[PDB]
Amino acid sequence: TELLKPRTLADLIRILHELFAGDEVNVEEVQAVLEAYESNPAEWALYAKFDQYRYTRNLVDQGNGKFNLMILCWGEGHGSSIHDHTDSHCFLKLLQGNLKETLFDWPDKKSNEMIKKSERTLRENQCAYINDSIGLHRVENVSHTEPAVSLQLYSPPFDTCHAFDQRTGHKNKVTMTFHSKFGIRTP
Ligand SMILES: [Fe+2]
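In the deposited numbering, the protein residues as written are 4 to 190.
Below, the structure written as structure tokens:
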């Protein structure tokens, strides 16, 4: 329950280990610390590996199996589908550029179009939080000129999240994969 400003991404990763030592998690302490790290591109550029057609997930640290810490690279116009988070804590800090998170309601079992609950446009260094009991979201880099990089930490770690047909609400199970791990590109 001691939180200092993390000098560096590596300092950040150490603090996050201390916070995730136990069984439970204090969601606001994790989020305060992410927001406290000033984005420093020289420290994370290794992991900012872009693909031209969709956003990539670059694993930075496995958190002794209590959380995945990854960085996501969004090419301008890249978006996720609408997804849940497998009953998990999900933190998203912007390291560069801007993303637009659109919050949706869990659809009812009718084949009816999901409609936006709210939206908000995250700017650099802000850290947002979502979990399944808040709703489904969809992050997008709607910029046409600038890429986005975001830092994200999920606990527990999960490989599979669901994708939601926006018109129907029908879900499909999707399996997350990694563009790189620890700076190393994994096909
Ligand atoms: Fe998400």
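Beta carbons are placed, not taken as given, at the ideal position from N, Cα and C, and that holds for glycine.
Asked                                                                                                                                                                         : Found
Please classify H92 as buried or exposed, where buried requires at least 16 neighbouring CB atoms within 10 angstroms.                                                        : buried
Looking at the unbroken beta strand (DSSP E) that takes in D64, where does it start and where does it end?                                                                    : 59-64
Does the region 57-67 come into contact with the region 100-109, if we say contact requires no fewer than three beta-carbon pairs (one atom in each stretch) closer than 8 Å? : no
Does any heavy atom of ligand 1 sit closer than 7 Å to the C-beta of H165?                                                                                                    : no
Hey, how far is the Cα of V28 from the Cα of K8?                                                                                                                              : 19 Å
Does the structure place the region 66-83 close enough to the region 46-57 that three or more beta carbon pairs sit under 8 Å?                                                : yes
Got a sec: does ligand 1 put a non-hydrogen atom nearer than 7 Å to the Cβ of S83?                                                                                            : yes
Flag this pair as touching only if the region 127-135 and the region 23-37 have three or more C-beta atom pairs under 8 Å; answer yes or no.                                  : yes
Spatial neighbours of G138 within its chain, please: C-beta separation below 7 Å, excluding the five flanking residues on both sides.                                         : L106, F107, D108, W109, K120
Helix or strand or just coil, what does DSSP make of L6?                                                                                                                      : coil
Can you pull the DSSP bridge partners for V142?                                                                                                                               : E104
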